[PDB]
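Contents: one structure, followed by commentary.
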């Protein structure tokens, strides 16, 4: 006859890498700016001063 | 009154070249890759480890 490995001795391998879901970022980052006519206004004044 | 070669003395020639049947591969080889954005993902971990 022919020698075969036991059913419980069949090795399964696992990968250390993983996939990530695809997420749409909206594209708003292109509209952010500190200029007066920016579609989205960025006010970073509270990063140096105090207040909520 | 006309000289003709014998029936067994008529030479036939053979060619060592042969035609090959045309087959369409489907273009799947170009889409194969190992990067994240590859349409077909190639895994080669089992080539070095043990497992089915």
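Protein chains in written order, with PDB author numbering: chain A, 2 to 53; chain F, 2 to 53.
No residue lacks a Cβ here, since even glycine has one placed at the ideal position from N, Cα and C.
Notebook entry, point to check: How long is the line joining the alpha carbons of residue 20 of chain A and residue 35 of chain F, rounded to whole angstroms?
Noted result: As a working mapping, residue 20 of chain A is identified with position 19 in the first chain. As a working mapping, residue 35 of chain F is identified with position 34 in the second chain. Cα to Cα, residue 20 of chain A sits roughly 12 Å from residue 35 of chain F.
Item checked: Proximal residues, the region 2-32 of chain A versus chain F, C-beta separation under 7 Å -> Cβ contacts with chain F: 11, 12, 13, 14, 16.
Notebook entry, point to check: What span of residues does the alpha helix (DSSP H) with residue 32 of chain F cover, start to end?
Noted result: Within the second chain, residue 32 of chain F is the residue found at index 31, counting from 1. First-last of the alpha helix (DSSP H) with residue 32 of chain F: 29-32.
Check: How big is the Cα-Cα spacing for residue 7 of chain A and residue 15 of chain A?
Finding: For the purposes of this step, residue 7 of chain A is taken as the residue at position 6 of the first chain. For the purposes of this step, residue 15 of chain A is taken as the residue at position 14 of the first chain. Going by the C-alpha atoms only, they are around 20 Å apart.
Notebook entry, point to check: Is residue 41 of chain F closer than 8 Å to residue 47 of chain F when the C-beta atoms are compared?
Noted result: Here residue 47 of chain F refers to the residue found at position 46 when the second chain is read from its first residue. Here residue 41 of chain F refers to the residue found at position 40 when the second chain is read from its first residue. Contact annotation: residue 47 of chain F and residue 41 of chain F have beta-carbon atoms that are not nearer than 8 Å.
Check: If you check the beta carbons only, do residue 53 of chain F and residue 11 of chain A fall under 8 Å apart?
Finding: Indexing the second chain from 1 puts residue 53 of chain F at position 52. Indexing the first chain from 1 puts residue 11 of chain A at position 10. In this structure, residue 11 of chain A lies closer than 8 Å to residue 53 of chain F by Cβ.
Margin query: Please tell me whether residue 34 of chain F has its Cβ less than 8 Å away from any Cβ of chain A.
Written below: Within the second chain, residue 34 of chain F is the residue found at index 33, counting from 1. Chain A contact via Cβ: absent.
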